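S.K.: For reference, the file upload.txt (compact mmCIF, C-alpha atoms (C1' of nucleotides)) is included below:
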```txt
# COMPACT_ATOMS: atom_id res chain seq x y z
CA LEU A 147 30.73 13.96 7.77
CA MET A 148 31.24 14.54 11.49
CA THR A 149 32.16 18.00 12.77
CA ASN A 150 35.02 18.75 15.16
CA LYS A 151 32.84 18.23 18.25
CA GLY A 152 31.63 14.77 17.17
CA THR A 153 28.07 15.34 15.98
CA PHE A 154 26.51 14.61 12.59
CA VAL A 155 24.50 17.62 11.43
CA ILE A 156 21.92 15.90 9.20
CA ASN A 157 18.89 17.81 7.84
CA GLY A 158 19.62 20.80 10.09
CA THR A 159 19.37 18.75 13.31
CA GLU A 160 22.36 17.62 15.37
CA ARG A 161 22.50 13.85 15.72
CA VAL A 162 24.93 11.77 17.77
CA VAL A 163 25.68 8.09 17.24
CA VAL A 164 26.22 6.22 20.49
CA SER A 165 28.43 3.19 20.98
CA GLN A 166 26.88 -0.26 21.27
CA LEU A 167 27.84 -3.24 23.44
CA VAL A 168 27.54 -6.63 21.72
CA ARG A 169 28.74 -10.17 22.39
CA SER A 170 31.98 -10.64 20.50
CA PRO A 171 32.11 -13.56 18.04
CA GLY A 172 34.00 -16.66 19.08
CA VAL A 173 33.65 -19.86 21.06
CA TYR A 174 32.01 -19.83 24.50
CA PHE A 175 31.95 -22.79 26.90
CA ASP A 176 29.18 -22.95 29.50
CA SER A 177 28.91 -25.39 32.40
CA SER A 178 25.52 -26.19 33.90
CA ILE A 179 23.90 -28.79 36.15
CA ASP A 180 20.98 -31.06 35.26
CA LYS A 181 18.71 -31.79 38.22
CA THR A 182 17.56 -35.16 36.86
CA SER A 183 21.09 -36.28 35.96
CA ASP A 184 22.51 -34.96 39.31
CA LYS A 185 25.74 -34.20 37.40
CA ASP A 186 27.33 -31.30 35.53
CA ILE A 187 26.69 -30.80 31.82
CA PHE A 188 29.00 -28.88 29.48
CA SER A 189 28.17 -27.16 26.22
CA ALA A 190 30.02 -25.29 23.51
CA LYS A 191 28.70 -22.80 20.99
CA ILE A 192 30.53 -20.95 18.24
CA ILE A 193 28.57 -17.84 17.30
CA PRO A 194 29.89 -16.24 14.09
CA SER A 195 29.55 -12.73 12.75
CA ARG A 196 27.44 -13.66 9.73
CA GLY A 197 26.92 -17.39 9.22
CA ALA A 198 24.69 -19.97 10.82
CA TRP A 199 25.66 -21.11 14.28
CA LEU A 200 26.91 -24.38 15.63
CA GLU A 201 26.72 -26.05 19.02
CA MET A 202 28.39 -29.04 20.64
CA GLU A 203 26.66 -30.45 23.72
CA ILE A 204 28.32 -33.21 25.75
CA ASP A 205 26.71 -35.82 28.09
CA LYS A 206 23.08 -34.77 27.73
CA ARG A 207 22.41 -38.47 28.42
CA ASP A 208 26.15 -39.47 28.57
CA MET A 209 26.80 -38.94 24.83
CA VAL A 210 28.23 -35.94 22.96
CA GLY A 211 26.26 -34.31 20.15
CA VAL A 212 26.17 -31.43 17.67
CA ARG A 213 23.48 -28.90 16.71
CA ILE A 214 23.94 -27.78 13.09
CA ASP A 215 21.78 -24.59 13.34
CA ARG A 216 19.57 -26.57 15.80
CA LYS A 217 17.93 -28.45 12.94
CA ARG A 218 18.05 -31.76 14.77
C1' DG B 1 -63.98 68.65 -28.06
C1' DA B 2 -58.71 70.25 -27.23
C1' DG B 3 -54.57 68.36 -25.76
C1' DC B 4 -52.82 65.27 -23.15
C1' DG B 5 -53.40 61.65 -19.10
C1' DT B 6 -53.21 56.67 -17.17
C1' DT B 7 -53.41 52.37 -17.95
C1' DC B 8 -54.67 47.87 -19.59
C1' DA B 9 -54.10 44.77 -24.44
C1' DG B 10 -52.43 41.77 -26.98
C1' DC B 11 -48.66 41.58 -30.16
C1' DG B 12 -44.51 41.47 -32.02
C1' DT B 13 -39.40 41.10 -31.90
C1' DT B 14 -35.96 39.35 -31.09
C1' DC B 15 -33.42 38.28 -26.89
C1' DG B 16 -34.23 35.22 -23.05
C1' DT B 17 -33.85 30.40 -21.12
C1' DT B 18 -32.42 25.30 -20.75
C1' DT B 19 -32.25 21.75 -23.71
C1' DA B 20 -30.75 19.28 -27.47
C1' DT B 21 -26.63 18.14 -30.83
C1' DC B 22 -21.69 17.33 -32.00
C1' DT B 23 -15.74 16.75 -31.56
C1' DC B 24 -11.48 14.60 -28.31
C1' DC B 25 -7.13 12.20 -24.34
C1' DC B 26 -6.80 9.34 -20.47
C1' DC B 27 -7.45 4.57 -19.78
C1' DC B 28 -7.34 -0.47 -20.90
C1' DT B 29 -5.72 -4.22 -23.78
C1' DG B 30 -2.51 -6.94 -26.79
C1' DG B 31 1.88 -7.96 -28.55
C1' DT B 32 7.02 -8.45 -29.27
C1' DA B 33 10.34 -14.95 -31.81
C1' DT B 34 18.76 -16.21 -30.98
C1' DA B 35 18.73 -18.50 -26.15
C1' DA B 36 17.58 -17.94 -21.45
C1' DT B 37 14.76 -23.60 -17.38
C1' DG B 38 14.06 -24.94 -9.09
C1' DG B 39 15.00 -18.00 -4.13
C1' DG B 40 18.00 -15.90 -1.28
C1' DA B 41 18.33 -15.06 3.74
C1' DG B 42 17.98 -14.16 8.28
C1' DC B 43 18.29 -15.62 12.05
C1' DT B 44 20.17 -17.00 17.60
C1' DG B 45 20.23 -16.12 22.99
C1' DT B 46 13.90 -13.64 28.77
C1' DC B 47 11.43 -16.64 32.27
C1' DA B 48 8.27 -19.89 34.24
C1' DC B 49 4.31 -22.75 33.63
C1' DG B 50 1.63 -26.17 31.73
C1' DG B 51 -0.32 -29.49 28.71
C1' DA B 52 -0.19 -31.42 24.39
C1' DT B 53 2.60 -34.62 21.65
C1' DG B 54 6.06 -37.44 20.48
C1' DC B 55 8.80 -41.78 21.23
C1' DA B 56 11.94 -45.05 23.77
```
How does this structure look as structure tokens?

M.R.:
Amino acid sequence: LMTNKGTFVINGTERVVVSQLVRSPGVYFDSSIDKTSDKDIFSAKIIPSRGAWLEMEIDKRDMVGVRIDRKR
DNA sequence: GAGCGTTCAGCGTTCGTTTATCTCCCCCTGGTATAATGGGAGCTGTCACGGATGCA
């Protein structure tokens, strides 16, 4: 349990647990530029909380493709 | 010589020794007889550089 001043007294020593900043799960769209192509490239990636991740990259060489856990 | 005075003596006399017997638990091995028949699982995002290595 946590006392009234927000510290966990474990084994006679006062600990504190600090908050932690993490990337929230969801879809994120990133735009980039390929120097060889001379044109913008767009990607999508859905990063879940627990499962394997999935990506959807468009116009790498003018076609759209999917990475199922980046297997192939 | 009397009476006792020092000091080897070798000899017993069992007590001294170290050395020989003899009784016991951890430790290792083997065996169970309905039927049972291909894993969970943890990831992921730096950055540049280069050279090997694949493939249109």

S.K.: Wanna dump the chain B-chain A contacts at 12 Å for me, each residue with its shortest atom pair and the distance in Å to one decimal, counting all atoms listed in the file, ordered by chain and number, as a tab-separated table?

M.R.:
```
residue	atom	partner	partner_atom	distance
B:41	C1'	A:197	CA	10.5
B:42	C1'	A:198	CA	9.2
B:43	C1'	A:198	CA	7.8
B:44	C1'	A:199	CA	7.6
B:45	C1'	A:193	CA	10.2
```

S.K.: Could you state the separation of CA of residue 205 in chain A and CA of residue 189 in chain A in Å, given to one decimal place?

M.R.: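 Computing it gives 9.0 Å between the two atoms.
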
S.K.: Quote the spacing between CA of residue 179 in chain A and CA of residue 167 in chain A in Å to one decimal place.

M.R.: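 For CA of residue 179 in chain A relative to CA of residue 167 in chain A, the distance reads 28.8 Å.
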
S.K.: To one decimal place in Å, what is the distance between CA of residue 207 in chain A and CA of residue 178 in chain A?

M.R.: 13.8 Å

S.K.: Find the residues around residue 202 in chain A up to 9 Å (all atoms listed in the file counted), leave out those fewer than 5 positions away in its own chain, and share them as a list in words.

M.R.: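 Listing them by chain and then by number gives residues 188, 189, 190, 191, 192, 210, 211, 212, 213 and 214 of chain A.
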
S.K.: Padding of 3 Å on every side, edges along x, y and z, all listed atoms of range 7-20 of chain B included: what centre and edge lengths in Å, to one decimal, does that box have, as JSON?

M.R.:
```
{"center_x": -42.7, "center_y": 35.8, "center_z": -25.0, "size_x": 29.9, "size_y": 39.1, "size_z": 20.1}
```

S.K.: Can you list, as a list in words, every protein, DNA or RNA residue that comes within 7 Å of residue 171 in chain A when you count only C-alpha atoms (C1' of nucleotides), leaving out same-chain residues fewer than 2 positions away?

M.R.: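 The contact residues come out as residues 169, 193, 194 and 195 of chain A.
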
S.K.: So, counting only C-alpha atoms, which residue among A:159, A:176, A:164, A:183 is closest to residue 201 in chain A?

M.R.: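 The closest residue to residue 201 in chain A is A:176.
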